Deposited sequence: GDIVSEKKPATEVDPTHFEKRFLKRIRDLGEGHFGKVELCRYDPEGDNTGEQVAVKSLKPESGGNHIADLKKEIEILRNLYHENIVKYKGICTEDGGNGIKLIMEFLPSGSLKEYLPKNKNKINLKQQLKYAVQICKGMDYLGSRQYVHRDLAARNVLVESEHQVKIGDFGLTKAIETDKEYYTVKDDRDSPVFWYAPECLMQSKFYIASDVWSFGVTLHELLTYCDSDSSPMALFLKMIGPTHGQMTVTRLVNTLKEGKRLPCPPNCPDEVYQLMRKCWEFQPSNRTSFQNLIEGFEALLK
């Protein structure tokens, strides 16, 4: 018996967790005993792209880190089976838990995101989609990177991956916008934007999209965004965020990828502030 092979007849749908343009994640119970005692699992599938999901499954199958969502297996068309985290993403959890999550916890979550991300980089992958919606809450003390839908391997001895083919433009570094080039330093830029979200408790009115649209004016959006970044304009300091924290966030946003901070330097910076 292969423990990573989930039989369709025992995989019982409970409800939707979230839906995208091409796929969805559902809460299922794998119940071979048929008495509702089986384990709850998160199941990613496509709407009735297939080749991309198979590449995603093989990426996650080989990633093992305390801050990366656990691969469980497959249901073969194919479905990706993962551990279920009931608290959902930071985007859903943070607005409902402000009283529980203070600055010290936001900085520990920031460290955890950086550790998962530094690990993905050491395995030669560029995430391309780091945003709060992709960071899952295990507990009030732990987060995990929860999706790898856009993840690409960077060729040995190369610095970036060029993407051929709906992009999260308000989280994208200037090289991603202008040349479709994705470096490890591009994920650091996206991390800076995710840190801004975490510090605002994912407030929709001060989302990266809302804030950049106010700067540029509410097919032409991306050109105005690139121009705004070339002028040196950046997302403002979050309310109640100390300047020393905002300075670390600003180091994620150096125009040139080679001038940006590393995830290791960010971890060191946050750990210095936590003392």
item: Missing stretches, numbered from 1 on the deposited chain sequence and kept in order; value: 1 to 12, 61 to 65, 94 to 98, 188 to 189, 243 to 245
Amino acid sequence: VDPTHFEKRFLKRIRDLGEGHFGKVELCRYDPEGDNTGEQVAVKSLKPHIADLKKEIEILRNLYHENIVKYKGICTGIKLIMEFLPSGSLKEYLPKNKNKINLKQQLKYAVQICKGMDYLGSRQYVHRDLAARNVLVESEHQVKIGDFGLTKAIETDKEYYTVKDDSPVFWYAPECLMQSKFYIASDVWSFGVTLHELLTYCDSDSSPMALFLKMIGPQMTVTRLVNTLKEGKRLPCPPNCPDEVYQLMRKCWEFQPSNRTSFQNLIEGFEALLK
From here on, numbers count along this sequence of modelled residues.
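Note that the rigid core is defined as the largest set of C-alphas that superpose within 1.5 Å between two forms.
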query: Which of 56 to 64 and 22 to 30 strays further in 9 other deposited structures of this protein - Cα RMS after rigid core alignment; finding: 22 to 30
query: Stretch with larger C-alpha RMS deviation in 9 other deposited structures of this protein, core superposed, 7 to 15 versus 258 to 266; finding: 7 to 15
query: Residue range whose averaged C-alpha B-factor is higher in the record, 187 to 195 or 148 to 156; finding: 148 to 156
query: Mean C-alpha B-factor comparison - 246 to 254 and 49 to 57, higher one; finding: 49 to 57
query: Of the residues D118, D205, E175, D129, the one carrying the largest Cα B-factor as recorded; finding: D205
query: Residue, from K181, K91, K98, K79, that the PDB entry assigns the highest Cα B-factor; finding: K91
query: Third of the chain's Cα B-factor distribution that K108 belongs to, per the entry; finding: lowest
query: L213 CA temperature factor, ranked by third within the chain; finding: highest
query: Third of the chain's Cα B-factor distribution that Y161 belongs to, per the entry; finding: highest
query: Within-chain third of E66 by Cα B-factor, per the entry; finding: middle
query: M220 CA temperature factor, ranked by third within the chain; finding: highest
